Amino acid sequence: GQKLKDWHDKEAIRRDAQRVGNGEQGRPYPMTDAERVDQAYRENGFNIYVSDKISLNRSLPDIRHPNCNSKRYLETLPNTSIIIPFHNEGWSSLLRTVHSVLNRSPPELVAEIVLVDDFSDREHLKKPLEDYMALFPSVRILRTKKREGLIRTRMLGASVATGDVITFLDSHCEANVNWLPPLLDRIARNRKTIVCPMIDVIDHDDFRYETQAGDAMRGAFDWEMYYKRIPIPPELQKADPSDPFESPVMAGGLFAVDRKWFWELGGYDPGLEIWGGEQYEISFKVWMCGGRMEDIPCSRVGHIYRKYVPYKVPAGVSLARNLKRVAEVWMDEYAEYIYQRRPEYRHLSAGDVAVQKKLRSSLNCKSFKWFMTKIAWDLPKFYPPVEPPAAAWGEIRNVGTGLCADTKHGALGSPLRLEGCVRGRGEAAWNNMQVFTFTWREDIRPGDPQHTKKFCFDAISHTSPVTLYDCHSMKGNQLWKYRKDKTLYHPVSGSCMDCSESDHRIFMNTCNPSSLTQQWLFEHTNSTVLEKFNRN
């Protein structure tokens, strides 16, 4: 019998809505010079002074899709073991995670909450934590005998879980309203599906709660294996935008997976060290070996992204080794695409993978080719295994002032000023960066077309100066056009690039294929590409 149910705790929603105080409803914390010190970050990578001044039960805004409130799920669902690994995690941030789980998860559906201590040295994580958690029956603390790392530490928790499905959560999260039922329901219908809630951001400074940019998006990666998020192609967008949707890769820290299914895949590669790579291993595993992976818009959990890594990592440990172990076992021929960018990965021992490779074959999995072609088919659109050639690169000299486009190596956000051309015959004492590349993405970024920087030419209005704002693979305000009239057309602003003849900064203005201050010249080119997106 599929007797459904409305798992919403209307009263709790009312009481949470009626809650008042600093940080309530997810609003930012009223920052003061006291909380703005640098010692407030030293321990966690996020503001612990602010965290301490916010209630461990603070309320959060319900930013779910309007349809989510209407959804209903199976009256009978499988119970879950919530595993939370931690290492020298802050006191309040950890307690807020557990409270959110306790107060926003139907007790009946929670078999147990297991906090797994990864050899923590912070004192508040010892007796105090124990006495405090002893007051909550469903909570249990498990400790490793030495530093094991998040991967193995999550494995420890998984090896003891008694619930039907294992739900993983980082130690600095905050479950939002009615987040668990929609995850359990999905796995109840498809045991081999791994599910991920939408991961929302909890600001490391004022702790405000808000969705990541772009909201519902597909997971992916660049060829250096940095996690990326790309938009859902129109042909994949569900009728009801609140419905479960496929994701090729998970962020890694928040997901639920049937316990039995989890071990059938072999959990995680025990060889993965402190951080990195397990998200790729497990994601490739679920798809390639018979399962699936889905993001559940109706389930949302806040997560605090660190401003920097506080803990320490043992000697002789790098992300490279983890990644290498993942590439060799599951990435087939695509692993090569990784080495062509990071050559040290070739003659770099990835340890013994024999055991792992044995796992893959015993599962009868598809090729990684299959994964790239049928699952992550949109990934190469933003991160092509082999990047198309650039249109133009070199120095950008303005016909008018005769000067060159330069930048005082201002990576943050210093306008694209104008300086006397160096041409490689200059002194590095004056700090001259006059090399640029008009990449295949129709954007302009400093450096050689082979050693470009993640900084693009971003312009707001049709008069503001150019900027080296972070590059976002979107033809937004980083979309340029180099026409035969020697001008850098900005379609999203309808204006062109100009510069004050009085030897001043470079700023947008009214286009004019007759002016000299708007006429630019690159050192090299490839008209075959300049004829690409210049016509409709």
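Residues carry their position along the shown sequence, with the first being 1.
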{"item": "Comparing 197-205 with 346-354, the one whose average Cα B-factor in the PDB entry is higher", "value": "346-354"}
{"item": "Entry-level comparison of average CA B-factors, 255-263 and 461-469, reporting the higher stretch", "value": "461-469"}
{"item": "Candidate set 63, 488, 68, 54 [ranked by C-alpha B-factor, highest]", "value": "488"}
{"item": "C-alpha B-factor winner, where the candidates are 384, 233, 402, 248", "value": "402"}
{"item": "Residue 370 by Cα B-factor - lowest, middle or highest third of the modelled chain", "value": "lowest"}
{"item": "Residue 329, C-alpha B-factor rank within chain (lowest, middle or highest third)", "value": "middle"}
{"item": "Among modelled residues of the same chain, the CA temperature factor third for residue 223", "value": "middle"}
{"item": "For residue 125, the third of its chain into which the C-alpha B factor falls", "value": "lowest"}
{"item": "Assigned third (lowest, middle, highest) for the C-alpha B factor of residue 297", "value": "lowest"}
